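To start, the structure under review is shown below, and the notes come after it.
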Amino acid sequence: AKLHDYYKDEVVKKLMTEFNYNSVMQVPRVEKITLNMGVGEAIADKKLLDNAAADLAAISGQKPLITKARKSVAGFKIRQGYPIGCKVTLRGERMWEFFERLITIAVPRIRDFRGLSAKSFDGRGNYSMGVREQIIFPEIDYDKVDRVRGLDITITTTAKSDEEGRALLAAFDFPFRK
Amino acid sequence: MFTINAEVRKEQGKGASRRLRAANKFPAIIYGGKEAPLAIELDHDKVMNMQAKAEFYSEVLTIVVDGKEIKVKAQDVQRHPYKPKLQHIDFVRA
Amino acid sequence: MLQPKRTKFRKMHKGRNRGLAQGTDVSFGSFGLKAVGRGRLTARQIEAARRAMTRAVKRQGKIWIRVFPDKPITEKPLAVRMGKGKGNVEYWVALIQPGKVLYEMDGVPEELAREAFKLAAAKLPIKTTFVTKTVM
Amino acid sequence: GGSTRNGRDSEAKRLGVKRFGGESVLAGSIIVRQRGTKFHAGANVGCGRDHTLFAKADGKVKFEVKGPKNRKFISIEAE
Amino acid sequence: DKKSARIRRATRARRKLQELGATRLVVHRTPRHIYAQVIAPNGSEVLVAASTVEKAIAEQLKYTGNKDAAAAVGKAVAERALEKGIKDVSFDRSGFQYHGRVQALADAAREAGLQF
RNA sequence: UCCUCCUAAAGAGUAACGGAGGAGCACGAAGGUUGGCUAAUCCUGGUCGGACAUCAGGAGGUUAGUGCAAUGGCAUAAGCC
RNA sequence: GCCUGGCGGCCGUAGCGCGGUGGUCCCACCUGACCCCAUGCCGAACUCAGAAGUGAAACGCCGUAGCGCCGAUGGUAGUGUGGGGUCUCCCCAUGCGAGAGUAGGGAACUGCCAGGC
C-alpha cells in the first residue's frame, strides 16, 4: 500500500507549522467515499445489470443493494417499490488501493477539470467529482470494456473546517477551482 | 445634602400600611450596610416637596431616626396608579 | 376599524373586571393620555375621540392607540322571534381603568397643552388627564 | 349551537391521599391519562392501561417531591 | 457523547430494575478495564465488587481488557457473592449487547456460583 | 343511546339552542416478545432526469410518527424495522 | 486531605458566558481484526485483540458574583371572617399573603464501593 505509506508521512505534516501549533491529534482524515451507479429502469432482464454491477463491486468491499425510491407516486410513472440505485460504497483498505491507481494511471478516460469553480461550506470538506460514468478502473479484466454505466462519487473528511479538507484533498489532485 | 427626621414604625403589614396612609405620612425602609432592615414612617407631603430635586435619588442624604443619624442612598420606589404620590420607598445604607 | 383579523373564536363571555390594572406608564411615545375613570370603552368611542384629537394636533405626526379591543359583541332583533342563538357582531369593546393610557405620541405640537391632550380633547365618555414619559 | 351532547360518564379523580396503605390491595387513585406527572417507586407499578397505583409487595405511601427536574414520586416503603 | 443509543438501552434497564427492586449486577467495560458490582436489595449499597483494577486479580494479567480476564471478574464477583450467600441476581448489562466479554463474564460467573 | 374537553369554583357533582367535536368499528395484522434504530425543516452538492427523481454533510429538533373526536400518553417507545 | 471511575442520591447553589487544567492513575481517541459474533451489503454498528501515537475532540475539575437560579425586610396584587358606606368599589376591625424586584444567598452537597497519590 505505497499510497497509504505516503499519506502517513508527507500529507498534512506541515499544517499550522508556520504558527504557534504543536497538536498531533488534530490532523484531518478520510476513510470512506460515497458511491452510486445507474441501474436504469429495466427490472425484468436482470442479467445485463448484474454483470456490470459485479464488475464494479469487484473493487469494493460491498455487494450491490436493491434500493427503493423516496418519491414515486403522482409524478414519475412508478410506485413505492421501484429500484433506484445500488450504492456499493468504498471504505478502508480498498480506498487507499483505489488511490494507488487514481492519478497514477486512472486518468485517460475522465474529463479534465477545466472551468471548475466548486466550494465547500459545512466544515467537512464535502466535494463531488462529477465524473458521471464509471472510469473502467484497470485492475485485471478491463480490456473487454467499451460500454459504461452512469456513476456518482463524493468525498467527505473527519475535520473541523473545510480549510483542512482543502489541504488533505489536494494530495489527490482535485483543483477545487480551475 | 438633605436631612430629614423619621420615626421607627410601631406596626407593619397591609392593615397598618393602610392606617399609615392617612394623608399625613407614608412607609419607607433603610436596609443593607451590614446592619438590620429598619422600617420607618416619613412625611407624606414635606418629603414629596423635598424629592422634587434629583439629588434625592442620585446623591447621599441623611435620615435622623431614634436620635441617630444614618447616611443613605436611594434604591427603589412605589407610587399611586394614577397620581404622582408616594406609596412606599427603599433606601440602602451608604 | 379596530378589528382583529382571522380569529379562532368570536363567541366570548361579557363578564366583570376589577377595574384597577397597573400604574400609568408609556411605551410607544414620550407623551400620553390617561383615562382617570373606570369601565368599558367602544371602538366607535375610540375612533370618535381619535377623530377629535387628530384635529387638536391639526396635521402633526401620528397618534398611536394604547387600547385595542379584540373582543366582539353581538346584537340580534326580536323579530325571528328570539332564542335562536347570538346574531351578528355590532360593536368591539376594551377595558378602561384610571391609570390606563389610551393614546401615545412623540411628534407632538409646539402649543402642546394649550391645544391637544390637556385641552381640545373631545367625544370622550369620561374626563381624561395628560401624562409624561417621566425620568424618575 | 345545541344541544351540546357534552358527555356525562366518570370523573377520573384522586382518591388515595396523605399517608396511605392497603390491607390486601393497595391501589391509591385510579386516574386516566396520568403517566408523566407523578411516577411510581418501590413495590408499586402501573403505566398500562390499568390507571392504578397497584403494589406487588407490602408497604405504605409517603409521597416525594424530590427528583430529576420535573419528576416527583409516589414512593412506597415497608415499615 | 457518541453513546446516545447505549444510554437509551441502559435507561430501559434502570427503570425496569427499579420496578423489580432487589439486586443489580452493574456490569461495565472499557477497552482497558472490566467492572462488576452487586447492588444490595435496597438498590443503594454495594455488597460485593470485582474489577480489573483490583491488584488481587489484575496483576497476574497480560491485558486488563481480555476475555479471559472478563471471565476472571465473573469468577471473582460470583465467589464473593457466594461467600455472602446471594442468588437470583438481576443481570444489569448497562445498555451493552449480550455477547463477547459481557457474555463470558456471565458464563464464567454462572459456573463459579452466581445466580442469575 | 355511546365518547372527550371547557364554562365548572387551587376534590367531585354543578344550569343555559352556554362554548365545540366525535361513535354504533376495524387490524390475523397495525397482536405477542426479543434484538437494532428514530424524526421535522432549511441550506449545500452531483450523472443516466424534460422543471424536480440520487442522498452525503452541515444548521437543527424530542416543533417527526401513532385508527379517528378532544384530552393526555408514547423514543425505556405504543413510532420504523 | 487530594484525584478519578461505577451505581447512583440530591437534581439550577448543580445553568450560561469566558479562561485555566490532567495522562503515575483512570478515560477517550488511537493500533489492528482470525475465531465465537454481525451485515436486505459492510469489523459502518455490534464485537474481539491490545499499546506504537496523544491530551486535541471526548471525559472530569476549577476560577469568575456579569446574567440565570434561590431571594430577607418593607410595600403591592389577592383573600378568610366581621361593621358600615359614598356599592361588583371604598372606609374600618382582625388575620392570611403571592407574582416581580431589592439587600442577602449562590459558581452545590452527598451515600456505597473501587482504583490512584
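Each chain in the C-alpha cells gets a letter, A, B and so on, in the order shown; residues start at 1 in every chain, and ligands are counted from 1 in the order they appear.
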Compile the contact shell of segment 48-50 of chain F as an MDAnalysis selection string: residues with an atom at most 9 Å away, counting only C-alpha atoms (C1' of nucleotides), same-chain residues fewer than 3 positions apart removed. (chainID A and resid 38:40 132:133 149:151) or (chainID F and resid 53)
Convert the current residue selection to file output with N, CA, C and O atoms (P, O5', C5', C4', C3', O3' and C1' of nucleotides), as a PDB file, in the first residue's frame.
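The file below, out06.pdb, is the result:
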ATOM      1  N   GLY A  38     -25.761   3.970 -11.923  1.00  0.00           N
ATOM      2  CA  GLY A  38     -27.015   3.985 -12.678  1.00  0.00           C
ATOM      3  C   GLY A  38     -27.508   2.580 -13.008  1.00  0.00           C
ATOM      4  O   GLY A  38     -26.953   1.880 -13.859  1.00  0.00           O
ATOM      5  N   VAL A  39     -28.573   2.180 -12.343  1.00  0.00           N
ATOM      6  CA  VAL A  39     -29.263   0.908 -12.576  1.00  0.00           C
ATOM      7  C   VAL A  39     -30.307   0.970 -13.695  1.00  0.00           C
ATOM      8  O   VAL A  39     -30.746  -0.065 -14.191  1.00  0.00           O
ATOM      9  N   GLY A  40     -30.689   2.163 -14.124  1.00  0.00           N
ATOM     10  CA  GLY A  40     -31.673   2.372 -15.178  1.00  0.00           C
ATOM     11  C   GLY A  40     -33.102   2.131 -14.711  1.00  0.00           C
ATOM     12  O   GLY A  40     -33.458   2.419 -13.569  1.00  0.00           O
ATOM     13  N   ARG A 132     -19.558  11.304 -13.812  1.00  0.00           N
ATOM     14  CA  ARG A 132     -20.821  10.880 -14.460  1.00  0.00           C
ATOM     15  C   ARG A 132     -20.919   9.466 -15.037  1.00  0.00           C
ATOM     16  O   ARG A 132     -22.035   8.991 -15.192  1.00  0.00           O
ATOM     17  N   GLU A 133     -19.824   8.782 -15.332  1.00  0.00           N
ATOM     18  CA  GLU A 133     -19.749   7.388 -15.787  1.00  0.00           C
ATOM     19  C   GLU A 133     -18.609   6.673 -15.066  1.00  0.00           C
ATOM     20  O   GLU A 133     -17.605   7.294 -14.709  1.00  0.00           O
ATOM     21  N   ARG A 149     -21.671   2.252 -17.507  1.00  0.00           N
ATOM     22  CA  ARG A 149     -22.814   2.813 -16.767  1.00  0.00           C
ATOM     23  C   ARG A 149     -22.488   4.127 -16.061  1.00  0.00           C
ATOM     24  O   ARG A 149     -21.337   4.429 -15.756  1.00  0.00           O
ATOM     25  N   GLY A 150     -23.541   4.897 -15.798  1.00  0.00           N
ATOM     26  CA  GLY A 150     -23.501   6.171 -15.092  1.00  0.00           C
ATOM     27  C   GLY A 150     -23.052   6.027 -13.640  1.00  0.00           C
ATOM     28  O   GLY A 150     -23.393   5.049 -13.014  1.00  0.00           O
ATOM     29  N   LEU A 151     -22.316   6.995 -13.094  1.00  0.00           N
ATOM     30  CA  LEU A 151     -21.715   6.931 -11.759  1.00  0.00           C
ATOM     31  C   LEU A 151     -21.780   8.264 -10.991  1.00  0.00           C
ATOM     32  O   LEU A 151     -21.544   9.320 -11.543  1.00  0.00           O
TER      33      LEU A 151
ATOM     34  P     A F  53     -33.539  16.550  -9.592  1.00  0.00           P
ATOM     35  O5'   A F  53     -34.376  15.495  -8.803  1.00  0.00           O
ATOM     36  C5'   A F  53     -33.886  14.194  -8.618  1.00  0.00           C
ATOM     37  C4'   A F  53     -34.890  13.392  -7.820  1.00  0.00           C
ATOM     38  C3'   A F  53     -34.333  12.007  -7.507  1.00  0.00           C
ATOM     39  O3'   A F  53     -34.945  11.484  -6.358  1.00  0.00           O
ATOM     40  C1'   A F  53     -36.136  11.851  -9.034  1.00  0.00           C
TER      41        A F  53
END
Pull out every residue of chain D sitting within 12 Å of chain C, counting only C-alpha atoms, and send them as a list in words.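 The complete set of qualifying residues is residues 1, 2 and 3 of chain D.
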Taking only C-alpha atoms (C1' of nucleotides) into account, report as number ranges by chain which residues of chain F lie within 12 Å of chain E. F: 34-38, 75-77
Name all residues at most 9 Å from segment 39-48 of chain B (count only C-alpha atoms (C1' of nucleotides); drop same-chain ones fewer than 5 positions away) and give them as a count of residues only. 26
Identify every residue of chain C that has at least one atom within 8 Å of any atom of chain B, counting only C-alpha atoms, and report the result as a PyMOL selection string. chain C and resi 22-24+34+36+98-99
